[PDB]
Amino acid sequence: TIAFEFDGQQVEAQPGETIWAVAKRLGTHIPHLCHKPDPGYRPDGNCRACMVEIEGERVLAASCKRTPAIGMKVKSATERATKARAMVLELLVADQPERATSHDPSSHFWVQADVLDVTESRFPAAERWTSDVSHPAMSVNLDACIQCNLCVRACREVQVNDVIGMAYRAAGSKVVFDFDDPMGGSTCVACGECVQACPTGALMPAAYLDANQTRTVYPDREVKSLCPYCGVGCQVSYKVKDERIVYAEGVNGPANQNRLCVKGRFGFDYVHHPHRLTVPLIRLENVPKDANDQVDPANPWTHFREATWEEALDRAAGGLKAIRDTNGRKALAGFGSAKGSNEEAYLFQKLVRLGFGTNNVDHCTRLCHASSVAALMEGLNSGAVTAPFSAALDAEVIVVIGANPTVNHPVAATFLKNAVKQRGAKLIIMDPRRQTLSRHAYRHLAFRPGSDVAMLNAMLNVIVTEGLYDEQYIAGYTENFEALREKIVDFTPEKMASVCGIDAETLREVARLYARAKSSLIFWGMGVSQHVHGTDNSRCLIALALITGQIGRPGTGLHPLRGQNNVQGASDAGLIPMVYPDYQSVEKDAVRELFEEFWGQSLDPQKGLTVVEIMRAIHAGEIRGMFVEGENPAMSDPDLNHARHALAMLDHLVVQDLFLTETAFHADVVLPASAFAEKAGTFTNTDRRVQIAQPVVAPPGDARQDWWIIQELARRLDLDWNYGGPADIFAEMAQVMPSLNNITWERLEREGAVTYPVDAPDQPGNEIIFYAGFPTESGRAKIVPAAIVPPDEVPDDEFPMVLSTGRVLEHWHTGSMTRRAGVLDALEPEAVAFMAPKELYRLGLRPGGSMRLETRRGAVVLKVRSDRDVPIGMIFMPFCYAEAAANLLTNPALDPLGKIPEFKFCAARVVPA
Amino acid sequence: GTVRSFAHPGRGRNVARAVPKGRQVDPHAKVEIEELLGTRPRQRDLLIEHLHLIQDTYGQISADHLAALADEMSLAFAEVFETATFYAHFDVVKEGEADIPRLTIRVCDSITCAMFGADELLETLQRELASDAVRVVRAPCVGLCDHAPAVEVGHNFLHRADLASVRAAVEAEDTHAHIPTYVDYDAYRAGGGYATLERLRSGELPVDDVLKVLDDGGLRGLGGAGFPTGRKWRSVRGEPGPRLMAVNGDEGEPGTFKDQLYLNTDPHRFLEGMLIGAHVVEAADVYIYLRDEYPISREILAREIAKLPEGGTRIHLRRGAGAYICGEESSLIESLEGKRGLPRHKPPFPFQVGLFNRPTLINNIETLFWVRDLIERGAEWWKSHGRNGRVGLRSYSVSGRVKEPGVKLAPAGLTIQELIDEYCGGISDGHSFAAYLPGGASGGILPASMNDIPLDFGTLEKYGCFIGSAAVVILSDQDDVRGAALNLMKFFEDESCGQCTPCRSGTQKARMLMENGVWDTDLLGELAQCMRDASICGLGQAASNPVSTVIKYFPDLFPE
Ligand SMILES: Nc1nc2c(c(=O)[nH]1)N[C@H]1C(S)=C(S)[C@@H](COP(=O)(O)OP(=O)(O)OC[C@H]3O[C@@H](n4cnc5c(=O)[nH]c(N)nc54)[C@H](O)[C@@H]3O)O[C@H]1N2
Ligand SMILES: Nc1nc2c(c(=O)[nH]1)N[C@H]1C(S)=C(S)[C@@H](COP(=O)(O)OP(=O)(O)OC[C@H]3O[C@@H](n4cnc5c(=O)[nH]c(N)nc54)[C@H](O)[C@@H]3O)O[C@H]1N2
Ligand SMILES: Cc1cc2nc3c(=O)[nH]c(=O)nc-3n(C[C@H](O)[C@H](O)[C@H](O)COP(=O)(O)O)c2cc1C
Ligand code: SF4
Ligand code: SF4
Ligand code: SF4
Ligand code: SF4
Ligand code: FES
Ligand code: FES
Ligand SMILES: [W+6]
């Protein structure tokens with residue numbers, strides 16, 4: 001500690017602590033404008049409002065910037081310092097617009113001016129720049145700017161989106177976007193970090209201002225909850241006025257530390273959309289079911305009639321029970337939700353396995369990471385991530401393969417960019433497409449689509465042959481390395497360079513760089529897993545991690561990113577066909593008998609069918625009744641023509657949703673449920689973080705809680721359930737989920753988030769796992785070599801283009817939620833596809849023109865966007881557009897082990913339209 | 001078929017984007033910049049040099065070329081744009097904007113040239129010669145005050161310019177710098193030059209003997225601050241290596257023109273002192289930062305540097321783009337690293353954390369110019385000069401209402417009366433000594449009644465003044481003292497880097513307060529104290545000196 005004297009008193013200062021921080025901790029508040037005491041914001045010391053006097057120095061010092069030293073004497077109450085601070089505030093007030101009609105009359109600046117008794121300036125005003133309202137989500141009014149640079153720090157050092165700069169000189173210094181372009185037409189991604197940082201109201205949410213850029217809307221209350229979209233798991237503070245969410249701010253959660261993306265900050269609007277279901281619906285007993293059926297959500301009376309809750313629940317449960325008691329127990333199935341809470345998932349799987357009496361329960365994880373999970377279970381006997389994404393800060397080398405984190409996990413990507421900028425981490429990106437992140441990458445490998453195994457095998461060959469592996473780790477914590485050493489012989493970089501499209505020298509350099517680093521961390525996403533050979537790719541990644549020993553230490557491990565906000569928690573609750581809760585196999589007699597005693601009812605011992613197998617069985621007439629909750633297979637399933645045929649072939653389909661989705665078109669009964677912001681429960685993020693959600697607003701009309709609806713269905717299926725709410729369900733689940741040991745509803749409410757596994761009710765959990773071995777029979781991980789397998793469908797003269805599908809920043813999956821959010825809708829209004837400019841020239845197209853996209857399975861028409869990140873010979877398209885549904889064209893062929901379709905590669909043809 | 005569609009209200013905005021967000025790099029622009037760069041590196045610290053290459057090739061920096069440059073260097077658009085817009089000589093032209101005329105004329109409007117009618121001259125040239133191919137703009141002091149008024153035509157500076165001579169240069173296409181005759185590499189070596197440096201490299205002359213001669217000699221920093229040079233060379237040596245060196249040739253204080261005189265007459269005398277200091281502190285590379293307004297000096301140094309033998313130190317020559325604040329040592333470091341010239345906070349100090357965060361030695365051109373003489377003639381020779389109790393030799397840049405303006409190499413500690421009468425030929429006829437500026441723009445304004453004050457480092461601080469770079473401007477009865485103060489404030493208002501409130505806003509409010517006919521000297525008094533006490537760097541801390549001294553020492557100009 002650095003002991004010194006402050007204002008005539010003897011005090012002691014912790015290391016790395018400024019004078020301002022010491023004074024604040026001791027109660028003496030010093031005014032500040034450009035300093036923001038929050039994580040990630042380095043003090044700049046430019047506004048000069050925090051000046052103090054240091055004995056033995058000619059001029060005054062900025063307290064927010066200076067750290068104390070032994071023997072120093074600091075005085076803040078002197079007439080010199082107070083006069084200087086007052087004059088700085090008066091100079092700034094001279095240029096401010098009139099407070100009562102300003103863009104934020106209660107800004108931090110005005111509060112500081114109130115503290116210093118400065119309300120008017122003796123100095124004349126200067127006319128500044130005009131308003132900029134080009135961006136729909138945020139408003140720029142730089143006539144109230146004080147040039148503190150907090151927005152510059154927010155964009156460039158915290159988020160590292162690199163949009164804002166401070167351009168000119170002297171009093172003409174100006175906040176600019178790109179080349180001083182309008183915000184709406186710039187590279188801005190609308191993360192909103194600058195808005196949250198700005199202390200004057202120069203930058204504001206557009207929803208707070210009227211047409212004259214005044215009078216910030218004033219919320220009645222603020223509620224702390226989570227983001228409903230992706231697996232990063234940001235904590236959010238929702239602002240409510242007149243029982244409506246109007247704006248959202250980031251909260252200092254362990255995952256995000258006050259950071260958000262556009263969907264978290266501005267995408268809350270869907271809960272208030274007029275298409276929200278308010279009453280139960282029952283299909284009219286006149287309208288047949290068809291694959292090409294269409295229902296207007298604004299006018300559903302063409303196909304449906306409204307019903308009471310009792311009548312609709314009776315119809316749904318009666319249809320299911322009649323099918324069960326006439327056609328047998330194997331004629332039923334259920335699709336759960338990865339967007340609901342852990343309690344709802346537990347109740348859903350319990351309902352299927354007890355009321356339906358079968359193991360046919362599954363959700364979107366079958367389409368997400370099934371092959372990766374299969375490889376990881378074969379190798380390590382576990383499917384969990386081995387490190388959080390925050391471990392990237394401790395990693396010398398970071399590998400991102402088949403993932404686009406600046407689009408699909410933006411906050412985690414900000415932490416990766418922090419690692420690169422502040423700690424010198426070397427980032428290697430392996431992806432056929434260039435990305436926004438590529439400019440920061442030490443190397444970007446742009447291999448040909450579908451050829452991951454060749455490149456990874458070449459890297460393994462380099463490591464094995466040149467003797468760069470960890471012999472000590474291999475002999476002691478792995479097995480079967482001799483088989484890999486024998487197999488890897490035929491995968492030299494020279495042979496594989498033509499197959500993968502990456503030169504041999506680059507492959508050798510990357511392999512050496514990964515092996516020789518002190519700590520390396522691998523992230524991977526859908527580009528690796530969504531192939532018929534995705535398990536092979538995951539095996540290659542696992543072997544790379546195992547032979548070099550880069551696992552089980554800080555800054556190391558394997559992190560396959562979790563997509564949905566609660567895919568991990570739903571998997572943990574047993575919402576998958578092959579295991580009970582906590583990944584206990586339904587085939588073992590011991591597990592089955594334990595659950596038969598716990599639930600007090602005999603259980604089916606056979607493994608269930610997966611999502612695609614279920615759709616096949618529906619198409620064949622084996623499955624007759626289906627219950628779907630929180631999923632939209634009519635847009636997310638592959639080969640939508642046959643999938644919609646199968647859905648329309650059902651005898652009885654019950655749908656529990658927020659809107660009349662494309663799946664609900666074929667339903668017999670539709671039950672209106674509650675959105676994320678209206679419910680309580682627990683959700684588990686990509687880092688094994690269990691976090692608690694709180695209701696922000698009430699459900700509209702007569703909509704009901706998801707858990708209540710499932711309880712009603714169970715009670716009508718001859719089950720005696722009486723749950724008070726989510727907390728009781730949590731207690732019951734914790735009785736049979738050892739991974740929840742020392743985690744309780746009370747502790748969760750008190751703390752907000754706990755990482756599992758955790759060994760005590762007062763200690764934090766283990767972020768890093770596998771430090772002492774693996775949960776296998778022998779405790780050692782098994783290396784499984786991989787071989788080259790071609791894609792199921794490859795281009796020919798008939799269909800010469802490679803079609804790949806994915807995501808855009810502003811939209812979620814099927815578009816059911818994000819297209820109903822006004823800001824997100826405005827940002828991406830129309831269906832588009834991406835292609836390289838040279839390909840547009842060769843095909844005879846123009847940017848923004850229409851084209852017809854065709855495969856062997858379907859045809860669509862949409863607009864084309866020219867993109868230089870797309871390789872020659874590829875067309876990339878999101879599946880979020882109902883007017884041109886990408887899954888009308890995709891290949892339903894499956895990975896033999898993972899049972900995942902090949903969304904990422906098929907053959908297509910393009911023609912002008 | 002199967003329109004399907006979507007009931008979502010986006011159909012109103014349903015026009016999408018034909019391209020990703022933001023402006024897009026033109027394939028044609030990328031090829032042109034790539035050939036323009038050739039084999040040059042793409043490190044960040046070369047950004048300003050690359051900006052110079054585009055501006056010189058095309059006469060402007062179009063948004064197309066600028067965007068191509070950022071992609072080449074892996075920088076963001078706002079990164080290159082914010083850097084280019086900082087400097088006054090870079091013209092960024094966005095889409096749909098008017099092009100820059102082929103020829104640019106700059107008329108100095110600083111204090112000395114204004115006394116000789118620069119304000120009317122600029123108005124005449126704008127009315128007479130401005131066209132679609134000629135642009136006429138104001139400029140700050142270009143270090144030609146002894147030849148006022150000064151006008152630049154392309155790269156050709158005209159002494160005592162007028163309408164006829166400026167029009168002659170344009171018609172004759174005389175738009176290039178005129179290189180004079182100077183002492184070259186061979187004549188320098190025939191005069192015993194570089195012999196002292198050779199002894200240092202071999203080891204016959206110990207490094208400890210160089211520092212002892214400097215410390216005993218009392219050589220002080222001629223860039224203005226006056227810090228002892230020997231003590232500064234020791235401090236950089238004490239830090240762990242590797243170490244770097246940078247020469248400050250950004251001579252921008254209005255009224256200072258001594259550095260230009262020595263570069264254009266005896267360049268190798270400067271180059272030897274620079275090389276000796278680089279050996280003393282064991283610096284592998286030496287960066288020379290020369291102001292844009294000295295094209296003659298830039299050409300002279302380039303040829304002479306190419307004539308040196310294959311030594312153990314590599315010399316880098318860098319070029320400014322117009323910024324007075326870049327003379328501040330930390331701001332010069334940021335410019336050399338390729339960024340906006342914003343001064344850094346202290347501590348730490350540049351001699352500990354400097355260029356590329358290494359221990360760095362910064363010296364003025366004139367300070368290094370005298371190093372060879374001080375060793376070969378001894379410290380005793382240096383100290384033999386001096387008057388009124390002061391010790392040393394000084395070069396005063398004297399301009400204004402004197403008969404013989406120029407650089408006077410005179411003993412330190414002279415008074416203004418002694419300097420004017422014994423070296424400047426006295427006040428010019430039809431004028432009477434009224435006031436003087438001892439330290440250029442930032443040193444304050446004093447009445448002629450105070451003509452008995454010795455001018456040296458530390459002697460002017462009693463009256464709220466300082467000698468600075470010894471830029472002496474002489475004013476007569478036909479010279480509004482309050483008009484001179486407004487000129488200096490207008491200079492500081494434009495030259496402020498804009499980082500901190502007291503300087504960025506204080507200079508603007510002070511200028512507006514002085515343009516009213518009756519100054520609120522009480523409000524200006526309070527504002528001056530805030531700028532002195534709270535400004536980050538020396539520019540803001542001294543910008544209120546002209547206002548403060550005029551109020552204090554000219555009471556007859558302010559009615560109650
Ligand atoms: N904005 C937004 N964010 C989301 C979602 C969303 O819908 N919208 N969904 C969430 C969900 S559920 C998930 S699973 C995650 C998915 O997150 P990501 O894994 O980032 O999803 P994709 O964009 O499909 O990733 C595919 C990437 O792999 C590349 N690629 C294509 N072919 C190949 C190949 O053969 N090999 C390799 N190695 N790469 C290839 C693609 O060009 C692209 O860069 O995102 C989550 N986050
Ligand atoms: N071509 C192609 N196809 C893909 C993929 C791809 O990359 N390319 N990715 C695959 C992957 S990784 C995934 S995860 C799947 C995703 O496929 P889905 O999970 O079907 O996609 P969503 O649009 O999220 O599904 C409907 C959404 O409506 C909302 N919702 C519906 N009912 C309720 C309810 O009762 N309560 C609440 N609170 N919300 C409700 C939720 O947001 C719910 O997830 O798509 C897969 N399909
Ligand atoms: C606003 C400002 C402008 C300056 N301009 C110059 C300059 O043009 N030339 C110069 O040599 N030093 C200039 N200096 C001083 C430098 O910061 C630095 O102290 C000097 O180069 C050291 O010279 P020395 O090594 O001879 O002492 C300036 C300082 C300030 C605060
Ligand atoms: S919203 Fe985010 S990306 Fe846009 S300017 Fe602000 S910080 Fe940068
Ligand atoms: S816009 Fe706001 S945060 Fe940015 S410089 Fe101006 S006042 Fe500061
Ligand atoms: S990064 Fe993911 S969790 Fe965080 S705000 Fe964005 S969508 Fe929500
Ligand atoms: S005093 Fe002026 S020049 Fe110095 S840092 Fe502050 S604004 Fe920039
Ligand atoms: S708050 Fe310390 S200088 Fe702005
Ligand atoms: S040259 Fe015009 S004032 Fe120095
Ligand atoms: W997914």
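As the structure lists them, so they are numbered: ligands from 1, and atoms in each ligand from 1. Throughout, a chain's letter reflects where its sequence line sits, starting with A, and its residues are numbered from 1. All values below were derived from every heavy atom in this structure, side-chain atoms included, with hydrogens, water molecules and symmetry-related copies excluded.
Numbered from 1 in the order shown, with element, the atoms of ligand 9 that lie under 4.0 Å from a heavy atom of B:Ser110 read 3 (S). Close contacts of ligand 7 with B:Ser496, meaning ligand atoms under 4.0 Å from a residue heavy atom, involve 2 (Fe), 7 (S). Residue B:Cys141 has at least one heavy-atom neighbour below 4.0 Å for each of these atoms of ligand 9: 1 (S), 3 (S), 4 (Fe). Against a heavy-atom cut-off of under 4.0 Å, B:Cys500 is close to the following atoms of ligand 7: 1 (S), 6 (Fe), 7 (S). If you number the atoms of ligand 9 from 1 as listed, the ones under 4.0 Å from a heavy atom of B:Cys108 come out as 1 (S), 2 (Fe), 3 (S). Of all the atoms in ligand 8, the ones that sit under 4.0 Å from a non-hydrogen atom of A:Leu33 are 1 (S). Each of the following atoms of ligand 8 lies closer than 4.0 Å to a heavy atom of A:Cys47: 1 (S), 3 (S), 4 (Fe). Below 4.0 Å from some heavy atom of A:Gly45 lie the following atoms of ligand 8, by number and element: 3 (S). Near A:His32, with a cut-off below 4.0 Å to any heavy atom, the atoms of ligand 8 are 1 (S). Per-residue contacts place A:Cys50 under 4.0 angstrom from the following atoms of ligand 8 (heavy atoms of the residue considered): 1 (S), 2 (Fe), 3 (S). The ligand atoms of ligand 9 that sit less than 4.0 angstrom from a heavy atom of B:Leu144 are 1 (S). Shown in contact with B:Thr112 at under 4.0 Å from a heavy atom are these atoms of ligand 9, numbered in order with element: 3 (S).
Looking at atom 8 (Fe) of ligand 7, its nearest protein heavy atom turns out to be B:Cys497 SG, 2.3 Å.
Side-chain contact annotation: B:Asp250 with B:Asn248, donor-acceptor N/O pair under 3.5 Å absent. No side-chain donor from either of B:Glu337 and B:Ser335 sits under 3.5 Å from a side-chain acceptor of the other. Judged by distance alone, the side chains of A:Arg85 and A:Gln112 never bring a donor and an acceptor atom under 3.5 Å apart. In the model, B:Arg504 has no side-chain atom that pairs as donor or acceptor with a side-chain atom of B:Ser496 under 3.5 Å.
The closest donor-acceptor contact from the side chain of B:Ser297 to the backbone of B:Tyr294 lies at 3.5 Å or more, if one exists at all.
At a 4.0 Å heavy-atom cut-off, ligand 9 touches B:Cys113 through backbone and side chain alike.
A 4.5 Å side-chain heavy-atom check between B:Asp119 and B:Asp109 finds every atom pair outside the cut-off. By the 4.5 Å heavy-atom criterion applied to side chains, B:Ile365 and B:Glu251 are not counted as neighbours. Within the 4.5 Å cutoff, side-chain heavy atoms of B:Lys339 are placed close to those of B:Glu334.
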Go through the steps to decide whether B:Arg138 and B:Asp494 satisfy the test salt bridge (charged side-chain N to carboxylate O under 4.0 Å, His left out), and finish with yes or no.
CA-CA 12 Å; B:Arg138 71 154 289 266; B:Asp494 198 58; 3.6 Å; yes
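Taking 2.8 Å as the threshold, A:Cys34 counts as a candidate ligand of atom 4 (Fe) of ligand 8, since one of its N, O or S atoms lies below it. Not a single N/O/S atom of B:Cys145, whether from backbone or side chain, sits less than 2.8 Å from atom 2 (Fe) of ligand 9. Put simply, B:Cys503 stays out of reach of atom 8 (Fe) of ligand 7, with no N, O or S atom under 2.8 Å from it. When distances to atom 4 (Fe) of ligand 8 are checked against a cut-off of 2.8 Å, A:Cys64 contributes no N, O or S atom below that limit.
Figure legend: B:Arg401 and B:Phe116 shown as a cation-pi pair, the cationic atom lying under 6.0 angstrom from the six-membered ring centre and within 45 degrees of its axis. Annotation: cation-pi pair A:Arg169/B:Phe86 present, NZ/CZ under 6.0 Å from the ring centroid and within 45° of its normal.
Counting only non-hydrogen atoms, the option in B:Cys537, B:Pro343, B:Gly540 that gets closest to atom 3 (S) of ligand 7 is B:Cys537. Heavy-atom proximity to atom 1 (S) of ligand 8, evaluated over A:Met51, A:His35, A:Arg48, is greatest for A:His35.
Interatomic distance, B:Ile474 CD1 to B:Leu437 CG, rounded to the nearest 0.5 Å: 8.5 Å. To the nearest 0.5 Å, the span separating CH2 on A:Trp20 from NZ on A:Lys65 amounts to 15.5 Å.
In this structure, A:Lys65 falls outside the shell of residues with a heavy atom less than 4.0 angstrom from ligand 8.
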